[PDB]
Amino acid sequence: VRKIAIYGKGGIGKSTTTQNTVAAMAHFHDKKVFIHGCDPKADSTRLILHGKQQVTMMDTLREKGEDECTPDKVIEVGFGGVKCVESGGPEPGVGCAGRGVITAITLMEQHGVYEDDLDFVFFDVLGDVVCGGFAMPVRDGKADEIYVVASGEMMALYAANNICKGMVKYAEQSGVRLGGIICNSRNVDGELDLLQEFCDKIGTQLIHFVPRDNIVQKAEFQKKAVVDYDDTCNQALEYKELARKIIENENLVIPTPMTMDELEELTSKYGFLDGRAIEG
Amino acid sequence: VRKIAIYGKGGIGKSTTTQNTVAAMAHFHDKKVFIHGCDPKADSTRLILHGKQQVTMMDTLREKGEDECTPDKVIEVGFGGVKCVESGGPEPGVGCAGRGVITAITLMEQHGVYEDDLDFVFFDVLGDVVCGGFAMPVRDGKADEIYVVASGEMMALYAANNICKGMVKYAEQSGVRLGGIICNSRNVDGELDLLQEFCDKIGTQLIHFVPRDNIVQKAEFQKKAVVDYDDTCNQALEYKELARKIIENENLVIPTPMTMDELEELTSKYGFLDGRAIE
Ligand SMILES: Nc1ncnc2c1ncn2[C@@H]1O[C@H](COP(=O)(O)OP(=O)(O)O)[C@@H](O)[C@H]1O
Ligand SMILES: Nc1ncnc2c1ncn2[C@@H]1O[C@H](COP(=O)(O)OP(=O)(O)O)[C@@H](O)[C@H]1O
Ligand code: SF4
Ligand SMILES: [Ca+2]
Ligand SMILES: [Mg+2]
Ligand SMILES: [Mg+2]
């Protein structure tokens, strides 16, 4: 099995790219896949599950008890046979936001879930901080490969660069490698060129350019991933290609992060003095 | 002294709104202010300090020691007499990202820094997670008032809503209150009306609408806050008014958070279907 962690800044498109890429792997490429939601937002599986807000592993632990919390009570199966779990976690301020991820991965590992007839496991992880459970995929070797969803936004590059920093520190001991950056387009001029340049500075590849397509919201309104909603539309075929590239990917590196000054220079070069990158 | 925490998602404009609002408080309203950077990005004060890259207290503690990590070595004064400090944080994956914030605020409190001839203390706080040091102004009573910078972005409203959740759990005991939402414009039609209704839903006020103005980047190139760069331009006057509104504010509430589905319903109502607010 190949264990893949997906990182990126909040709102960048982690759950959209993960669910649709996973949907494509199952529907187009005949893969058996597992999504482990590792973001407190806890909607990383709702489209695969056609709207169902999955009971989190932390909520099951709370309500059912340590003596009764088993993987079968937290795994749900949805589109394409994709198995889903949501880690959950403490409410805001109650405790470590990433505590639920730690408890959830541990239980999954104890029972061999990731090893049970799967080609791929995808972790959909919060990347605005790299600590606690959110750093497990990089630091403790819980994932083999990492892909980062990014855009021309400064904070998107910042988030990607911080995961690279975590990798410089732990990857030689943990075995995790960087498979590349995914440009999730916001339809802003220069985003592709910027991220291609970013990838070259840190020593990775820009694996795919996912276009902006409001079919994503059309399918969301029907509680479906794009590949589920219409498997012949352009966006579904874009995810079919992104899935093929991941499946076929052999480019796996330990990156060389950039400095903050280098990051400012790169965004200024492409007209994003306003880090929010609203216009190219 | 009034201790104010500024929350919001990364890139929303917390450090810009804070530095320019604080610069307006000191320059236009003769207020003595302290800025405490509580974001690991650690550039919350460079405009007040005219580009100076501050040494973080956690870096100082590491190189000098606790007996020597005194506020005199970490506090710096810049435009309008504003005192500045950066908490710092561990490197990615090394430890709790908010640990520096706990140690920093603790040291500043034990030395009476916030009580030393100050009208306002502003904490510029990372809000994408609400835990560790980042939760101290909500849970532990280290702030009196909160303002969230937001926009039409779904995750901006989500971040604001998570602060509300933290307040429902702790604000009665901690004494913190919500002073309002600040809308940092993304120049997207309907943003103001969306945030207005959002404020109405949770029981607060949309205290001010800060326009998007590229004079901000012009002043940044000069290493200055807008008010410092040009105190007569329209954006400087916008921060003058936001500063006035905060000084005079008495609408301080404990809000009612919305559920995830209510938030999706609300953004869809106003045409913000793609939650990235770009168009
Ligand atoms: N390629 C795309 N085209 C159109 N909309 C997108 C695309 N990718 C993401 N989105 C939208 O952007 C918003 C953020 O996506 P999401 O997956 O929830 O981000 P994250 O999981 O990183 O927080 C959602 O409203 C989603 O519909
Ligand atoms: N009112 C505004 N007009 C123009 N640009 C702005 C405005 N507010 C923020 N910005 C820009 O947006 C980017 C993010 O601002 P920043 O304060 O760093 O956000 P945060 O501190 O929340 O991460 C910066 O490049 C800044 O220049
Ligand atoms: S380790 Fe990270 S997620 Fe946990 S309390 Fe600290 S900042 Fe929050
Ligand atoms: Ca108080
Ligand atoms: Mg998500
Ligand atoms: Mg900031």
# chains A, B, ... in the order shown; residues from 1 in each chain; ligands from 1

$ interface_residues --of "chain A" --to "chain B" --cutoff "9 Å" --atoms "only C-alpha atoms" --output "ChimeraX atom specification"
/A:9-13,40-41,91-97,128-132,134-136,138-139,153-155,158,162-167,169-170,186-188,214,216-217,273-276,278

$ residues_around --residues "residue 233 in chain B" --least-positions-apart "5" --cutoff "12 Å" --atoms "only C-alpha atoms" --output "PyMOL selection string"
chain B and resi 213-216+219+225-228+238-240

$ select_by_dssp --residues "range 112-156 of chain B" --states "strand (DSSP E or B)" --output "ChimeraX atom specification"
/B:120-125,145-150

$ closest_residue --among "A:120, A:74, A:56, A:113" --to "residue 90 in chain A" --atoms "only C-alpha atoms"
A:56

$ residues_around --residues "residue 270 in chain B" --least-positions-apart "5" --cutoff "9 Å" --atoms "only C-alpha atoms" --output "ChimeraX atom specification"
/B:190-191,193-194

$ atom_distance --atom1 "CA of residue 118 in chain A" --atom2 "CA of residue 45 in chain A"
17.1 Å

$ select_by_dssp --residues "range 15-127 of chain A" --states "alpha helix (DSSP H)" --output "PDB file with N, CA and C atoms, in the first residue's frame"
ATOM      1  N   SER A  15      -9.431  18.967   0.276  1.00  0.00           N
ATOM      2  CA  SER A  15     -10.487  17.960   0.262  1.00  0.00           C
ATOM      3  C   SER A  15     -11.119  17.798  -1.111  1.00  0.00           C
ATOM      4  N   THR A  16     -11.202  18.877  -1.881  1.00  0.00           N
ATOM      5  CA  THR A  16     -11.666  18.764  -3.262  1.00  0.00           C
ATOM      6  C   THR A  16     -10.716  17.906  -4.085  1.00  0.00           C
ATOM      7  N   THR A  17      -9.408  18.193  -4.007  1.00  0.00           N
ATOM      8  CA  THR A  17      -8.434  17.458  -4.808  1.00  0.00           C
ATOM      9  C   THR A  17      -8.330  16.011  -4.349  1.00  0.00           C
ATOM     10  N   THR A  18      -8.394  15.783  -3.043  1.00  0.00           N
ATOM     11  CA  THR A  18      -8.265  14.434  -2.511  1.00  0.00           C
ATOM     12  C   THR A  18      -9.451  13.574  -2.901  1.00  0.00           C
ATOM     13  N   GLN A  19     -10.671  14.065  -2.659  1.00  0.00           N
ATOM     14  CA  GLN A  19     -11.857  13.259  -2.927  1.00  0.00           C
ATOM     15  C   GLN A  19     -12.009  12.957  -4.416  1.00  0.00           C
ATOM     16  N   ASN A  20     -11.751  13.945  -5.270  1.00  0.00           N
ATOM     17  CA  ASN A  20     -11.885  13.766  -6.704  1.00  0.00           C
ATOM     18  C   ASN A  20     -10.760  12.936  -7.287  1.00  0.00           C
ATOM     19  N   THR A  21      -9.521  13.117  -6.818  1.00  0.00           N
ATOM     20  CA  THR A  21      -8.434  12.241  -7.242  1.00  0.00           C
ATOM     21  C   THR A  21      -8.679  10.818  -6.779  1.00  0.00           C
ATOM     22  N   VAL A  22      -9.125  10.644  -5.531  1.00  0.00           N
ATOM     23  CA  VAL A  22      -9.415   9.307  -5.024  1.00  0.00           C
ATOM     24  C   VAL A  22     -10.578   8.708  -5.801  1.00  0.00           C
ATOM     25  N   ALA A  23     -11.627   9.516  -6.018  1.00  0.00           N
ATOM     26  CA  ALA A  23     -12.754   9.054  -6.814  1.00  0.00           C
ATOM     27  C   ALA A  23     -12.289   8.582  -8.180  1.00  0.00           C
ATOM     28  N   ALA A  24     -11.364   9.312  -8.794  1.00  0.00           N
ATOM     29  CA  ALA A  24     -10.869   8.921 -10.107  1.00  0.00           C
ATOM     30  C   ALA A  24     -10.062   7.639 -10.027  1.00  0.00           C
ATOM     31  N   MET A  25      -9.230   7.487  -9.001  1.00  0.00           N
ATOM     32  CA  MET A  25      -8.474   6.248  -8.858  1.00  0.00           C
ATOM     33  C   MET A  25      -9.400   5.041  -8.771  1.00  0.00           C
ATOM     34  N   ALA A  26     -10.509   5.181  -8.051  1.00  0.00           N
ATOM     35  CA  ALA A  26     -11.401   4.044  -7.875  1.00  0.00           C
ATOM     36  C   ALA A  26     -12.235   3.793  -9.120  1.00  0.00           C
ATOM     37  N   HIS A  27     -12.695   4.857  -9.774  1.00  0.00           N
ATOM     38  CA  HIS A  27     -13.616   4.736 -10.894  1.00  0.00           C
ATOM     39  C   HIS A  27     -12.906   4.495 -12.216  1.00  0.00           C
ATOM     40  N   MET A  57     -13.820   9.707  14.813  1.00  0.00           N
ATOM     41  CA  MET A  57     -13.249   8.675  15.715  1.00  0.00           C
ATOM     42  C   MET A  57     -13.237   9.212  17.149  1.00  0.00           C
ATOM     43  N   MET A  58     -13.003  10.519  17.300  1.00  0.00           N
ATOM     44  CA  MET A  58     -12.939  11.127  18.658  1.00  0.00           C
ATOM     45  C   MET A  58     -14.335  11.128  19.289  1.00  0.00           C
ATOM     46  N   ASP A  59     -15.362  11.410  18.482  1.00  0.00           N
ATOM     47  CA  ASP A  59     -16.757  11.424  18.998  1.00  0.00           C
ATOM     48  C   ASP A  59     -17.145   9.998  19.406  1.00  0.00           C
ATOM     49  N   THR A  60     -16.728   8.999  18.622  1.00  0.00           N
ATOM     50  CA  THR A  60     -17.025   7.620  18.979  1.00  0.00           C
ATOM     51  C   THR A  60     -16.319   7.235  20.271  1.00  0.00           C
ATOM     52  N   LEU A  61     -15.056   7.635  20.420  1.00  0.00           N
ATOM     53  CA  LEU A  61     -14.351   7.388  21.671  1.00  0.00           C
ATOM     54  C   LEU A  61     -15.091   8.010  22.845  1.00  0.00           C
ATOM     55  N   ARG A  62     -15.575   9.239  22.675  1.00  0.00           N
ATOM     56  CA  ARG A  62     -16.270   9.933  23.757  1.00  0.00           C
ATOM     57  C   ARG A  62     -17.572   9.224  24.118  1.00  0.00           C
ATOM     58  N   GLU A  63     -18.405   8.944  23.118  1.00  0.00           N
ATOM     59  CA  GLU A  63     -19.740   8.433  23.398  1.00  0.00           C
ATOM     60  C   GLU A  63     -19.733   6.953  23.737  1.00  0.00           C
ATOM     61  N   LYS A  64     -18.899   6.170  23.066  1.00  0.00           N
ATOM     62  CA  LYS A  64     -18.942   4.719  23.187  1.00  0.00           C
ATOM     63  C   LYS A  64     -17.931   4.153  24.177  1.00  0.00           C
ATOM     64  N   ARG A  99      -5.010  16.376  18.343  1.00  0.00           N
ATOM     65  CA  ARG A  99      -5.038  15.186  19.235  1.00  0.00           C
ATOM     66  C   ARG A  99      -5.840  14.054  18.589  1.00  0.00           C
ATOM     67  N   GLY A 100      -6.974  14.395  17.973  1.00  0.00           N
ATOM     68  CA  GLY A 100      -7.802  13.370  17.351  1.00  0.00           C
ATOM     69  C   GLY A 100      -7.114  12.622  16.224  1.00  0.00           C
ATOM     70  N   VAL A 101      -6.270  13.319  15.461  1.00  0.00           N
ATOM     71  CA  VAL A 101      -5.514  12.672  14.400  1.00  0.00           C
ATOM     72  C   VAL A 101      -4.594  11.614  14.980  1.00  0.00           C
ATOM     73  N   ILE A 102      -3.901  11.936  16.073  1.00  0.00           N
ATOM     74  CA  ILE A 102      -3.010  10.960  16.697  1.00  0.00           C
ATOM     75  C   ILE A 102      -3.784   9.708  17.099  1.00  0.00           C
ATOM     76  N   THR A 103      -4.881   9.906  17.824  1.00  0.00           N
ATOM     77  CA  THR A 103      -5.648   8.738  18.330  1.00  0.00           C
ATOM     78  C   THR A 103      -6.205   7.931  17.152  1.00  0.00           C
ATOM     79  N   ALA A 104      -6.652   8.604  16.089  1.00  0.00           N
ATOM     80  CA  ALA A 104      -7.276   7.924  14.962  1.00  0.00           C
ATOM     81  C   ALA A 104      -6.265   7.096  14.171  1.00  0.00           C
ATOM     82  N   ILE A 105      -5.112   7.679  13.822  1.00  0.00           N
ATOM     83  CA  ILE A 105      -4.089   6.921  13.092  1.00  0.00           C
ATOM     84  C   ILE A 105      -3.606   5.733  13.924  1.00  0.00           C
ATOM     85  N   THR A 106      -3.429   5.939  15.223  1.00  0.00           N
ATOM     86  CA  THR A 106      -2.970   4.838  16.067  1.00  0.00           C
ATOM     87  C   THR A 106      -3.934   3.652  16.017  1.00  0.00           C
ATOM     88  N   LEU A 107      -5.233   3.924  16.172  1.00  0.00           N
ATOM     89  CA  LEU A 107      -6.224   2.856  16.117  1.00  0.00           C
ATOM     90  C   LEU A 107      -6.236   2.189  14.750  1.00  0.00           C
ATOM     91  N   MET A 108      -6.204   2.988  13.680  1.00  0.00           N
ATOM     92  CA  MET A 108      -6.148   2.434  12.328  1.00  0.00           C
ATOM     93  C   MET A 108      -4.941   1.523  12.170  1.00  0.00           C
ATOM     94  N   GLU A 109      -3.787   1.944  12.705  1.00  0.00           N
ATOM     95  CA  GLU A 109      -2.564   1.162  12.563  1.00  0.00           C
ATOM     96  C   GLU A 109      -2.630  -0.100  13.398  1.00  0.00           C
ATOM     97  N   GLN A 110      -3.143   0.004  14.625  1.00  0.00           N
ATOM     98  CA  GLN A 110      -3.216  -1.170  15.496  1.00  0.00           C
ATOM     99  C   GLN A 110      -3.995  -2.300  14.852  1.00  0.00           C
TER     100      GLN A 110
END

$ closest_residue --among "B:45, B:151, B:249, B:60" --to "residue 22 in chain B" --atoms "only C-alpha atoms"
B:45

$ residues_near_ligand --ligand "ligand 4" --cutoff "6 Å" --atoms "only C-alpha atoms and all ligand atoms" --output "ChimeraX atom specification"
/B:144,175-176

$ closest_residue --among "A:271, A:127, A:81, A:8" --to "ligand 3" --atoms "only C-alpha atoms and all ligand atoms"
A:127

$ residues_around --residues "residue 29 in chain B" --least-positions-apart "3" --cutoff "10 Å" --atoms "only C-alpha atoms" --output "VMD selection string"
chain B and resid 22 to 26 32 240 243 to 244 247

$ write_last_selection --atoms "N, CA, C and O atoms" --output "PDB file, in the first residue's frame"
ATOM      1  N   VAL B  22      -3.129  50.324  14.961  1.00  0.00           N
ATOM      2  CA  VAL B  22      -2.359  50.771  16.116  1.00  0.00           C
ATOM      3  C   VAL B  22      -1.596  52.048  15.785  1.00  0.00           C
ATOM      4  O   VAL B  22      -1.504  52.967  16.606  1.00  0.00           O
ATOM      5  N   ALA B  23      -1.031  52.125  14.582  1.00  0.00           N
ATOM      6  CA  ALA B  23      -0.371  53.353  14.153  1.00  0.00           C
ATOM      7  C   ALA B  23      -1.340  54.526  14.167  1.00  0.00           C
ATOM      8  O   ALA B  23      -0.962  55.648  14.514  1.00  0.00           O
ATOM      9  N   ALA B  24      -2.597  54.287  13.791  1.00  0.00           N
ATOM     10  CA  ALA B  24      -3.599  55.345  13.837  1.00  0.00           C
ATOM     11  C   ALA B  24      -3.927  55.720  15.268  1.00  0.00           C
ATOM     12  O   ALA B  24      -4.148  56.894  15.571  1.00  0.00           O
ATOM     13  N   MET B  25      -3.937  54.740  16.168  1.00  0.00           N
ATOM     14  CA  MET B  25      -4.250  55.031  17.564  1.00  0.00           C
ATOM     15  C   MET B  25      -3.192  55.927  18.187  1.00  0.00           C
ATOM     16  O   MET B  25      -3.514  56.852  18.944  1.00  0.00           O
ATOM     17  N   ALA B  26      -1.920  55.655  17.891  1.00  0.00           N
ATOM     18  CA  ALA B  26      -0.828  56.417  18.481  1.00  0.00           C
ATOM     19  C   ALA B  26      -0.678  57.774  17.815  1.00  0.00           C
ATOM     20  O   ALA B  26      -0.416  58.772  18.493  1.00  0.00           O
ATOM     21  N   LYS B  32      -1.045  55.147  23.807  1.00  0.00           N
ATOM     22  CA  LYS B  32       0.169  54.373  24.049  1.00  0.00           C
ATOM     23  C   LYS B  32      -0.185  52.899  23.900  1.00  0.00           C
ATOM     24  O   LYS B  32      -1.011  52.375  24.653  1.00  0.00           O
ATOM     25  N   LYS B 240      -7.843  55.475  10.681  1.00  0.00           N
ATOM     26  CA  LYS B 240      -8.197  56.445  11.712  1.00  0.00           C
ATOM     27  C   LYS B 240      -9.592  56.173  12.271  1.00  0.00           C
ATOM     28  O   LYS B 240      -9.811  56.249  13.487  1.00  0.00           O
ATOM     29  N   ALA B 243      -9.671  52.772  14.227  1.00  0.00           N
ATOM     30  CA  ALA B 243      -9.113  53.051  15.546  1.00  0.00           C
ATOM     31  C   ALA B 243     -10.125  53.776  16.440  1.00  0.00           C
ATOM     32  O   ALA B 243     -10.316  53.414  17.602  1.00  0.00           O
ATOM     33  N   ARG B 244     -10.771  54.819  15.928  1.00  0.00           N
ATOM     34  CA  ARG B 244     -11.773  55.503  16.734  1.00  0.00           C
ATOM     35  C   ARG B 244     -12.863  54.538  17.178  1.00  0.00           C
ATOM     36  O   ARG B 244     -13.263  54.542  18.344  1.00  0.00           O
ATOM     37  N   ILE B 247     -11.654  52.356  20.033  1.00  0.00           N
ATOM     38  CA  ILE B 247     -11.499  53.111  21.273  1.00  0.00           C
ATOM     39  C   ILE B 247     -12.850  53.335  21.934  1.00  0.00           C
ATOM     40  O   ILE B 247     -12.996  53.179  23.153  1.00  0.00           O
TER      41      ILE B 247
END

$ residues_near_ligand --ligand "ligand 6" --cutoff "6 Å" --atoms "only C-alpha atoms and all ligand atoms" --output "list in words"
residues 14, 15 and 44 of chain B

$ write_last_selection --atoms "N, CA, C and O atoms" --output "JSON list (two decimals), in the first residue's frame"
[["chain", "number", "residue", "atom", "x", "y", "z"],
["B", 14, "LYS", "N", -4.44, 40.26, 9.23],
["B", 14, "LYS", "CA", -4.36, 40.55, 10.65],
["B", 14, "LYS", "C", -3.24, 41.53, 10.96],
["B", 14, "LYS", "O", -3.45, 42.54, 11.64],
["B", 15, "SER", "N", -2.02, 41.23, 10.50],
["B", 15, "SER", "CA", -0.88, 42.08, 10.83],
["B", 15, "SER", "C", -0.97, 43.45, 10.16],
["B", 15, "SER", "O", -0.53, 44.45, 10.73],
["B", 44, "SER", "N", 4.81, 40.47, 12.50],
["B", 44, "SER", "CA", 3.66, 41.25, 12.92],
["B", 44, "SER", "C", 4.02, 42.68, 13.31],
["B", 44, "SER", "O", 3.12, 43.48, 13.58]]

$ residues_around --residues "residue 125 in chain B" --least-positions-apart "4" --cutoff "6 Å" --atoms "only C-alpha atoms" --output "ChimeraX atom specification"
/B:6-7,38-39
